[PDB]
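**Q** Sending over model_21.tsv (TSV, N, CA and C atoms).
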chain	number	residue	atom	x	y	z
Q	1	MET	N	0.84	-1.23	0.00
Q	1	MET	CA	0.00	0.00	0.00
Q	1	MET	C	0.86	1.26	0.00
Q	2	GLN	N	0.59	2.14	-0.95
Q	2	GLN	CA	1.33	3.39	-1.07
Q	2	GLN	C	0.52	4.40	-1.87
Q	3	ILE	N	0.33	5.57	-1.29
Q	3	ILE	CA	-0.42	6.64	-1.94
Q	3	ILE	C	0.44	7.88	-2.12
Q	4	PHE	N	0.00	8.76	-3.01
Q	4	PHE	CA	0.70	10.00	-3.28
Q	4	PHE	C	-0.16	11.18	-2.85
Q	5	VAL	N	0.44	12.12	-2.13
Q	5	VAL	CA	-0.28	13.30	-1.68
Q	5	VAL	C	0.51	14.56	-1.99
Q	6	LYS	N	-0.10	15.47	-2.74
Q	6	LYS	CA	0.56	16.71	-3.11
Q	6	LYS	C	0.28	17.80	-2.09
Q	7	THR	N	1.35	18.43	-1.61
Q	7	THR	CA	1.23	19.49	-0.62
Q	7	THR	C	1.17	20.86	-1.29
Q	8	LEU	N	1.18	21.91	-0.48
Q	8	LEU	CA	1.11	23.28	-1.00
Q	8	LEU	C	2.44	23.72	-1.58
Q	9	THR	N	3.50	23.01	-1.23
Q	9	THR	CA	4.83	23.34	-1.74
Q	9	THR	C	5.11	22.58	-3.03
Q	10	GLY	N	4.34	21.51	-3.27
Q	10	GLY	CA	4.53	20.72	-4.46
Q	10	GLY	C	5.25	19.41	-4.19
Q	11	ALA	N	5.70	19.24	-2.95
Q	11	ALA	CA	6.43	18.04	-2.55
Q	11	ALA	C	5.48	16.91	-2.17
Q	12	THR	N	5.39	15.89	-3.02
Q	12	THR	CA	4.53	14.74	-2.75
Q	12	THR	C	5.07	13.93	-1.58
Q	13	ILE	N	4.18	13.55	-0.68
Q	13	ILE	CA	4.57	12.77	0.49
Q	13	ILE	C	3.94	11.38	0.46
Q	14	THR	N	4.71	10.39	0.89
Q	14	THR	CA	4.24	9.01	0.93
Q	14	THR	C	3.74	8.67	2.33
Q	15	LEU	N	2.51	8.18	2.41
Q	15	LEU	CA	1.92	7.83	3.69
Q	15	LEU	C	1.15	6.52	3.60
Q	16	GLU	N	0.90	5.93	4.77
Q	16	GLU	CA	0.17	4.68	4.86
Q	16	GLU	C	-1.20	4.92	5.48
Q	17	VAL	N	-2.24	4.38	4.85
Q	17	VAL	CA	-3.58	4.57	5.36
Q	17	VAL	C	-3.95	3.50	6.37
Q	18	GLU	N	-5.02	3.75	7.11
Q	18	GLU	CA	-5.50	2.82	8.11
Q	18	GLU	C	-7.00	2.94	8.28
Q	19	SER	N	-7.64	1.84	8.65
Q	19	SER	CA	-9.08	1.84	8.86
Q	19	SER	C	-9.44	2.77	10.01
Q	20	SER	N	-8.59	2.77	11.03
Q	20	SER	CA	-8.82	3.61	12.21
Q	20	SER	C	-8.28	5.03	12.02
Q	21	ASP	N	-7.88	5.37	10.80
Q	21	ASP	CA	-7.37	6.70	10.52
Q	21	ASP	C	-8.51	7.67	10.23
Q	22	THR	N	-8.75	8.60	11.15
Q	22	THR	CA	-9.81	9.59	10.98
Q	22	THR	C	-9.23	10.97	10.73
Q	23	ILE	N	-10.07	11.90	10.30
Q	23	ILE	CA	-9.63	13.27	10.02
Q	23	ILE	C	-9.03	13.92	11.25
Q	24	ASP	N	-9.40	13.43	12.43
Q	24	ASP	CA	-8.88	13.97	13.69
Q	24	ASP	C	-7.53	13.36	14.02
Q	25	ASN	N	-7.43	12.04	13.88
Q	25	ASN	CA	-6.19	11.32	14.17
Q	25	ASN	C	-5.04	11.89	13.36
Q	26	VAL	N	-5.29	12.17	12.08
Q	26	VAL	CA	-4.26	12.73	11.21
Q	26	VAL	C	-3.71	14.02	11.82
Q	27	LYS	N	-4.61	14.79	12.42
Q	27	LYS	CA	-4.24	16.05	13.06
Q	27	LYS	C	-3.42	15.82	14.32
Q	28	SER	N	-3.85	14.87	15.15
Q	28	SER	CA	-3.14	14.57	16.39
Q	28	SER	C	-1.68	14.19	16.11
Q	29	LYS	N	-1.45	13.57	14.96
Q	29	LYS	CA	-0.11	13.13	14.56
Q	29	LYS	C	0.81	14.28	14.15
Q	30	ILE	N	0.33	15.50	14.24
Q	30	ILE	CA	1.14	16.65	13.88
Q	30	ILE	C	1.87	17.19	15.11
Q	31	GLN	N	2.08	16.31	16.11
Q	31	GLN	CA	2.76	16.71	17.34
Q	31	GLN	C	4.27	16.50	17.24
Q	32	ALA	N	4.83	16.66	16.05
Q	32	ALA	CA	6.27	16.49	15.85
Q	32	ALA	C	6.92	17.79	15.40
Q	33	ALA	N	6.63	18.20	14.16
Q	33	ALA	CA	7.18	19.43	13.61
Q	33	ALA	C	6.11	20.51	13.49
Q	34	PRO	N	6.11	21.50	14.41
Q	34	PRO	CA	5.14	22.60	14.39
Q	34	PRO	C	5.39	23.57	13.24
Q	35	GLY	N	4.54	24.58	13.11
Q	35	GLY	CA	4.69	25.55	12.05
Q	35	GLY	C	3.38	25.93	11.40
Q	36	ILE	N	2.49	24.95	11.27
Q	36	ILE	CA	1.18	25.17	10.66
Q	36	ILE	C	0.07	24.61	11.54
Q	37	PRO	N	-1.09	25.29	11.60
Q	37	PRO	CA	-2.22	24.84	12.42
Q	37	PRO	C	-2.82	23.53	11.89
Q	38	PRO	N	-2.87	22.48	12.73
Q	38	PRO	CA	-3.41	21.17	12.33
Q	38	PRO	C	-4.87	21.23	11.90
Q	39	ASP	N	-5.60	22.22	12.41
Q	39	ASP	CA	-7.01	22.39	12.08
Q	39	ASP	C	-7.17	23.02	10.70
Q	40	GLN	N	-6.06	23.40	10.08
Q	40	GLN	CA	-6.09	24.01	8.76
Q	40	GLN	C	-5.78	22.99	7.68
Q	41	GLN	N	-5.69	21.71	8.05
Q	41	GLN	CA	-5.41	20.67	7.07
Q	41	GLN	C	-6.67	19.85	6.79
Q	42	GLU	N	-6.98	19.70	5.50
Q	42	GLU	CA	-8.16	18.95	5.07
Q	42	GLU	C	-7.96	18.35	3.69
Q	43	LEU	N	-8.71	17.30	3.39
Q	43	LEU	CA	-8.64	16.67	2.08
Q	43	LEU	C	-9.72	17.29	1.20
Q	44	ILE	N	-9.39	17.59	-0.06
Q	44	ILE	CA	-10.35	18.20	-0.98
Q	44	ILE	C	-10.19	17.70	-2.41
Q	45	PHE	N	-11.29	17.30	-3.02
Q	45	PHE	CA	-11.28	16.80	-4.39
Q	45	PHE	C	-11.48	17.94	-5.39
Q	46	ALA	N	-10.95	19.13	-5.09
Q	46	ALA	CA	-11.10	20.27	-6.00
Q	46	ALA	C	-12.56	20.69	-6.06
Q	47	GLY	N	-13.39	19.81	-6.62
Q	47	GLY	CA	-14.81	20.08	-6.73
Q	47	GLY	C	-15.61	19.24	-5.75
Q	48	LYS	N	-14.94	18.34	-5.03
Q	48	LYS	CA	-15.62	17.50	-4.05
Q	48	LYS	C	-14.98	17.66	-2.67
Q	49	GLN	N	-15.69	18.29	-1.75
Q	49	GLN	CA	-15.18	18.53	-0.40
Q	49	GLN	C	-15.48	17.36	0.54
Q	50	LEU	N	-14.46	16.92	1.27
Q	50	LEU	CA	-14.62	15.81	2.21
Q	50	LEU	C	-15.19	16.29	3.54
Q	51	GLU	N	-15.71	15.35	4.33
Q	51	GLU	CA	-16.28	15.67	5.63
Q	51	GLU	C	-15.29	15.33	6.75
Q	52	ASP	N	-15.07	16.28	7.65
Q	52	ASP	CA	-14.16	16.08	8.77
Q	52	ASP	C	-14.62	14.93	9.66
Q	53	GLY	N	-15.94	14.74	9.74
Q	53	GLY	CA	-16.49	13.67	10.55
Q	53	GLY	C	-16.49	12.32	9.85
Q	54	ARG	N	-15.79	12.20	8.72
Q	54	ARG	CA	-15.76	10.94	7.98
Q	54	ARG	C	-14.56	10.08	8.36
Q	55	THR	N	-14.74	8.76	8.29
Q	55	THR	CA	-13.67	7.82	8.63
Q	55	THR	C	-12.97	7.31	7.37
Q	56	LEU	N	-11.83	6.65	7.53
Q	56	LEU	CA	-11.09	6.13	6.38
Q	56	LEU	C	-11.93	5.14	5.58
Q	57	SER	N	-12.44	4.11	6.27
Q	57	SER	CA	-13.26	3.09	5.63
Q	57	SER	C	-14.44	3.71	4.89
Q	58	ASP	N	-14.90	4.85	5.39
Q	58	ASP	CA	-16.02	5.57	4.78
Q	58	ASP	C	-15.64	6.12	3.41
Q	59	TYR	N	-14.35	6.35	3.20
Q	59	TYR	CA	-13.86	6.89	1.93
Q	59	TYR	C	-12.59	6.15	1.49
Q	60	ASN	N	-12.49	4.88	1.88
Q	60	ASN	CA	-11.35	4.05	1.55
Q	60	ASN	C	-11.55	3.35	0.21
Q	61	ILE	N	-10.95	3.92	-0.82
Q	61	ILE	CA	-11.04	3.37	-2.18
Q	61	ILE	C	-9.89	2.40	-2.46
Q	62	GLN	N	-9.83	1.91	-3.70
Q	62	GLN	CA	-8.80	0.95	-4.10
Q	62	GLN	C	-7.47	1.63	-4.41
Q	63	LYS	N	-6.38	0.99	-3.97
Q	63	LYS	CA	-5.02	1.50	-4.18
Q	63	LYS	C	-4.88	2.24	-5.50
Q	64	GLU	N	-3.83	3.04	-5.61
Q	64	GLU	CA	-3.59	3.84	-6.81
Q	64	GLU	C	-4.68	4.89	-6.95
Q	65	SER	N	-4.54	5.95	-6.16
Q	65	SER	CA	-5.50	7.04	-6.15
Q	65	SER	C	-4.83	8.33	-5.69
Q	66	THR	N	-4.85	9.33	-6.55
Q	66	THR	CA	-4.25	10.62	-6.24
Q	66	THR	C	-5.05	11.34	-5.16
Q	67	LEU	N	-4.34	11.91	-4.18
Q	67	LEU	CA	-4.98	12.63	-3.09
Q	67	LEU	C	-4.56	14.10	-3.13
Q	68	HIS	N	-5.51	15.01	-2.91
Q	68	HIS	CA	-5.20	16.44	-2.93
Q	68	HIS	C	-5.50	17.11	-1.60
Q	69	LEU	N	-4.49	17.75	-1.02
Q	69	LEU	CA	-4.66	18.45	0.24
Q	69	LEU	C	-4.34	19.93	0.08
Q	70	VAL	N	-5.32	20.78	0.37
Q	70	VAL	CA	-5.14	22.22	0.25
Q	70	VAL	C	-5.20	22.91	1.60
Q	71	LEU	N	-4.53	24.05	1.71
Q	71	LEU	CA	-4.50	24.80	2.96
Q	71	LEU	C	-5.00	26.23	2.75
Q	72	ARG	N	-6.32	26.40	2.79
Q	72	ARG	CA	-6.93	27.71	2.61
Q	72	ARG	C	-6.94	28.50	3.92
Q	73	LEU	N	-6.90	29.82	3.82
Q	73	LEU	CA	-6.91	30.68	5.01
Q	73	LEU	C	-8.35	31.06	5.39
Q	74	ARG	N	-8.65	31.04	6.68
Q	74	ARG	CA	-9.99	31.38	7.15
Q	74	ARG	C	-9.95	32.00	8.55
Q	75	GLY	N	-8.77	32.42	8.99
Q	75	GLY	CA	-8.62	33.01	10.32
Q	75	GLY	C	-9.10	34.45	10.42
Q	76	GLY	N	-10.23	34.75	9.80
Q	76	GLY	CA	-10.79	36.10	9.84
Q	76	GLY	C	-10.33	36.96	8.68
Q	77	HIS	N	-11.15	37.95	8.31
Q	77	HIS	CA	-10.84	38.84	7.20
Q	77	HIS	C	-9.68	39.78	7.53
Q	78	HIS	N	-8.92	40.14	6.50
Q	78	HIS	CA	-7.78	41.05	6.66
Q	78	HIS	C	-8.18	42.49	6.34
Q	79	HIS	N	-7.61	43.43	7.09
Q	79	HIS	CA	-7.90	44.84	6.90
Q	79	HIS	C	-7.03	45.43	5.80
Q	80	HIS	N	-7.67	46.08	4.82
Q	80	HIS	CA	-6.96	46.69	3.71
Q	80	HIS	C	-6.31	48.01	4.14
Q	81	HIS	N	-5.00	47.99	4.31
Q	81	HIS	CA	-4.26	49.19	4.72
Q	81	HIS	C	-4.05	50.14	3.54
Q	82	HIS	N	-4.66	51.31	3.63
Q	82	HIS	CA	-4.54	52.31	2.57
Q	82	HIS	C	-3.31	53.19	2.79
I'd like the structure from this file rewritten - as structure tokens, please.

**A**
Amino acid sequence: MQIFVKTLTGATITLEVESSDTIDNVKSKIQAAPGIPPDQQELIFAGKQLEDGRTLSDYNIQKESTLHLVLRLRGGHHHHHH
């Protein structure tokens, strides 16, 4: 088992999936290298948005499947400095 995931930098990362792997567990595993908010990471099919409350088995397809992860900003609107 091996999947490809494209990040915001363009560097594809290799990871292993699990039945017990939930959208929350993936976040908890970010307790190694800080820098980005774990709550800002989500899976998105460009035109198909995934549910945070969904489990792996709930969206566990057959090997060989491209995964897309985007990091959009939503920490409040920015003030336009004139």

**Q** Which one of Q:69, Q:13, Q:5, Q:23 sits closest to residue 53 (chain Q) if you count all atoms listed in the file?

**A**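 Checking each of Q:69, Q:13, Q:5, Q:23 against residue 53 (chain Q), counting all atoms listed in the file, the winner is Q:23.
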
**Q** Which one of Q:70, Q:63, Q:79, Q:47 sits closest to residue 1 (chain Q) if you count only C-alpha atoms?

**A**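 When distances to residue 1 (chain Q) are compared using only C-alpha atoms, the smallest one comes from Q:63.
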
**Q** One decimal, in Å: what's the spacing between atom C of residue 76 (chain Q) and CA of residue 33 (chain Q)?

**A** 25.3 Å

**Q** Taking all atoms listed in the file into account, name the residue in Q:82, Q:51, Q:3, Q:30 that is nearest to residue 67 (chain Q).

**A**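 Among the listed residues, Q:3 lies closest to residue 67 (chain Q).
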
**Q** How many Å separate atom C of residue 19 (chain Q) from atom C of residue 35 (chain Q)?

**A**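 These two atoms are separated by 26.5 Å.
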
**Q** Using the chain letters and numbers from this document, which residues of chain Q does DSSP assign to strand (DSSP E), as a PyMOL selection string?

**A** chain Q and resi 3-6+13-15+42-43+66-70

**Q** How far is it from CA of residue 73 (chain Q) to atom C of residue 40 (chain Q), in Å with one decimal?

**A**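 Calculated distance between CA of residue 73 (chain Q) and atom C of residue 40 (chain Q) is 8.2 Å.
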